[PDB]
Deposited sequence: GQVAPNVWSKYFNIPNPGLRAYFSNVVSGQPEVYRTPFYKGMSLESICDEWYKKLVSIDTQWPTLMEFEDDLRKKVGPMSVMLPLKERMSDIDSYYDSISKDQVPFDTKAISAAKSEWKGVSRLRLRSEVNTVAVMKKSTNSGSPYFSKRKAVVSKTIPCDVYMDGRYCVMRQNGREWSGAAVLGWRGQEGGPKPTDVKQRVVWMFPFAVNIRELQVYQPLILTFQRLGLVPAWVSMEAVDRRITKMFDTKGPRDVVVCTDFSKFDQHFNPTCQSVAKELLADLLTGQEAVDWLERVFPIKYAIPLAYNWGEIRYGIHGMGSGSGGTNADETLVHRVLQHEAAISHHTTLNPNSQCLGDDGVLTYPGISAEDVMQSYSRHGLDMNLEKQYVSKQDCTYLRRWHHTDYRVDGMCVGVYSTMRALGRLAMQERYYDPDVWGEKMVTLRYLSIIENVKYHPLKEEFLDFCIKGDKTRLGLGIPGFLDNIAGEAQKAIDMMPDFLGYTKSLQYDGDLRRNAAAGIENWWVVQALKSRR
């Protein structure tokens, strides 16, 4: 994969000490387990064991909630252990090798069914690069070529034009021509109590110029879908819960709900899947600028080179570059086609209160079974382990929340987040920040964002009292002014969070 130094400098603005440090850390990895101050002096097991003594009280009335909690308890553990590059090469290979599995075309009727859900919608037009940049996150890394904060390089980036030229990504940026490459990034996810259990997620950190061009379509798309409520997970967890409720209200009395799961969905998002995304987008879009975007920009996330070490670049087509501006959009649109196709393949109609988001789905239709869904999806070159599908007539899991037809608050099947998963995240963090340089307010803000997830758990009040006891600052109760100025401290919808209201009530 190695390129000459004066070829590397056509992909990145050189010199760049920050980029140099970055790839050194990629090569070395980060072996330390980062433990927060939460219940300092106690192990993760002891924290979990102590809370479990009280959690277990729900097993009699909500035994499937206990099963859900027990399941996620097995994943509790470190999140910070990042393996060296030498031990992640298979993770990279997967993106290139997984798209060539046997893959059959999609049913044309299912594609029509998906399009029909947005009949009459205002067709999308590209936003301008300037307007798009204005609403983007500009704290994030600009990727190739400057590898700085976006905010710092806007004037050097736009106007921009990006396109594939054979295996190369050409990026014209305000008078410069660069060669584009994603940068290999990393995220850790808990997968068990040992340091070797940490899930090694690959992140494709895209060039700012590519993300701008992509978001000229995906930004207005997501906004339109949000306002129409077509993808509830893009709106809120309360919108998700409302649709879960309707799914239970309108499902076949004899039918199960199926909660699906994909192995390495991004990696398997092959050219057959890509062409379906392109067809749906072409339906949604209007204008000549859109025609050009579909031919020039849309394919980049499936073909952009990958810079995985200093001076090392990999080329060729691959699955979804996890990190594209359309990562979630392309996948969610195509996932909805998959759901329609499963129903249509069994001579019926998808219950439209079924839902999907990226690789996560929950659905029902007359006579549905998990193995039928698995067969209907997998024939397109997608990987699924039947053992990880979940089936029930009375409950479901979606976006790591449990719902039950008999567990309703003001008539909604609200989503219950695992307190066990919450405890693991309170105790373990993905990245180290020195609190001498960064402060304890940010620790507390992280705690609150985790705890807020359990706002519908039957034991949330006991859980909060348990968490308060683990925090020196008592979740901000011990930080003068903090709770009263929490939106502000957050900047330096949180004021409306349940956990904030619950803490203030304990004053």
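Asker: Pop the missing stretches of the deposited sequence into a list, counting residues from 1 and keeping sequence order.
Answerer: Going by the record, the one segment left unmodelled (no C-alpha atoms) falls at 493-519.
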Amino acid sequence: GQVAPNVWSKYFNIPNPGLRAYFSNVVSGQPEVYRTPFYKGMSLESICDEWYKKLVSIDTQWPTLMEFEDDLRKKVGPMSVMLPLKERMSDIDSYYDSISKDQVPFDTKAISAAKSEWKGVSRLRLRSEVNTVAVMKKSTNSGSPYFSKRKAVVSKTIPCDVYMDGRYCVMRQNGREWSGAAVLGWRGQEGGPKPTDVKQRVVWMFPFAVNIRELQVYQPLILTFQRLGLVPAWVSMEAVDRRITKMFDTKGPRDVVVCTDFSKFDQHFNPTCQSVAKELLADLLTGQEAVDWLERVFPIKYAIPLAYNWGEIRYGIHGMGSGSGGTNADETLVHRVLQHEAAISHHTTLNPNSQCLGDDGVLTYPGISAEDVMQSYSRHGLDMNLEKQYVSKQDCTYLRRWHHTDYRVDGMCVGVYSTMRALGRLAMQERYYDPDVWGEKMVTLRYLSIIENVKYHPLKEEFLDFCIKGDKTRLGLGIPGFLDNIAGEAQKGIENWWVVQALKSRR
From here on, numbers count along this sequence of modelled residues.
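Asker: Averaging C-alpha B-factors over each stretch, which comes out higher, 439-447 or 28-36?
Answerer: 439-447 has the higher mean C-alpha B-factor.
Asker: Return whichever of 474-482 and 62-70 has the greater mean Cα B factor according to the PDB record.
Answerer: Averaged over C-alpha atoms, the B-factors run higher in 474-482.
Asker: Quick one: which of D255, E279, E341, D165 has the biggest Cα B-factor according to the entry?
Answerer: Of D255, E279, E341, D165, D255 has the highest C-alpha B-factor.
Asker: Could you place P193 in the lowest, middle or highest third of its chain by Cα temperature factor, using the values in the record?
Answerer: For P193, whose C-alpha B-factor we compare with every modelled residue in the chain, the answer is the middle third.
Asker: Once the chain's modelled residues are ordered by C-alpha B factor and cut into thirds, is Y11 in the lowest, middle or highest one?
Answerer: Lowest third of the chain for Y11's C-alpha B-factor.
Asker: Which third, lowest, middle or highest, does the C-alpha temperature factor of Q216 belong to within its own chain?
Answerer: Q216: CA B-factor falls in the middle third of its chain.
Asker: Looking at the entry's B-factor column for C-alpha atoms only, identify whether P84 ranks in the lowest, middle or highest third of its chain.
Answerer: As the PDB entry reports it, the C-alpha B-factor of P84 lands in the middle third of its chain.
Asker: If you rank every modelled residue in this chain by C-alpha B factor, which third holds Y432: lowest, middle or highest?
Answerer: It belongs to the highest third of the chain when residues are ordered by C-alpha B-factor.
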